[PDB]
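Okay, so here's just one chain, in structure tokens, the form deposited in one PDB entry.
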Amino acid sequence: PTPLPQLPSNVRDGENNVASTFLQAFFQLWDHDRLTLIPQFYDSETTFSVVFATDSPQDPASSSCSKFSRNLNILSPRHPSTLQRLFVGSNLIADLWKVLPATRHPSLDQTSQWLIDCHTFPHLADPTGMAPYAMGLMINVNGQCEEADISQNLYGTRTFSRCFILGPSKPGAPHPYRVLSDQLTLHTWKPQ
């Protein structure tokens, strides 16, 4: 058997290059000022999930997520996150983002360090109600980042996937588009 050929990032995000503009802003702010992304691109309807594809020892994100889940049960015992397995809205997303480990992503300039595939797709709902449909933008990222382990105060290496669904924003939004869906998959974490 021969594994499928591997090609570089396939970026088909249309005329306005939103995938470039968004991702440039996102990973810059994710490292340095994470929570400011929320008012810029997220709203009351945005859905976020973190899932783990492996069981790395001393996984720092796993620890922080477990602490978050514990604290949520203490403060909001009948929150639907238990069975829904996702977090909805700027407010709750912000609380989780606060405890997820600090990170350092490579520059988007290092093309070989990133696998970014995106395309525009039809038949989202129009949040303005003016049209029957809206166009969406799917952006899937596979890459690596430095991810902090506070127990040692050292950065480890995290392999991750992150899938964004972007769509037109609600009226009065800071940008013409918003994040509808943000799915983060954390794979291997290795100490450096």
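Think of the rigid core as the biggest set of C-alphas that the two forms share within 1.5 Å after superposition. Only residues modelled in both forms are compared. We number the residues from 1 along the sequence you see.
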On mean C-alpha B-factor from the PDB entry, just flag whether 102-110 or 80-88 is the higher one.
80-88
Selected stretch [higher average CA B-factor]: 51-59 or 24-32
51-59
So among 38, 138, 141, 131, who wins on Cα B-factor in the entry?
131
Which of these, 155, 164, 160, 68, has its C-alpha atom at the highest B-factor, as the entry lists it?
155
For residue 150, the third of its chain into which the C-alpha B factor falls
highest
Splitting the chain's C-alpha B-factors into thirds, which one does residue 172 fall into?
highest
For residue 44, the third of its chain into which the C-alpha B factor falls:
middle
Within this chain, which third does the Cα B-factor at residue 5 fall in: lowest, middle or highest?
middle
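Beyond what is shown, the protein has a form deposited in another entry; the following relates to that form.
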Conformational change between the shown form and the other one, one of 151, 157, 128, 36, C-alpha moving 2 Å or more after core fit:
151
After fitting the core, residue 112 CA displacement of 2 Å or more between the shown form and the other one:
no
Rigid core aligned, does the Cα position of residue 90 differ by 2 Å or more between the shown form and the other one?
yes
Comparison of CA distance in that other deposited form with shown form for residue 63, residue 154, at least 3 Å
closer
If the C-alpha spacing of residue 187 and residue 88 moves by 3 Å or more in that other deposited form, is that a move closer or farther apart?
closer
Stretches of at least 3 consecutive residues with Cα shifts of 2 angstroms or more throughout between the shown form and the other one, after core superposition, read in sequence order as 83-91, 149-155
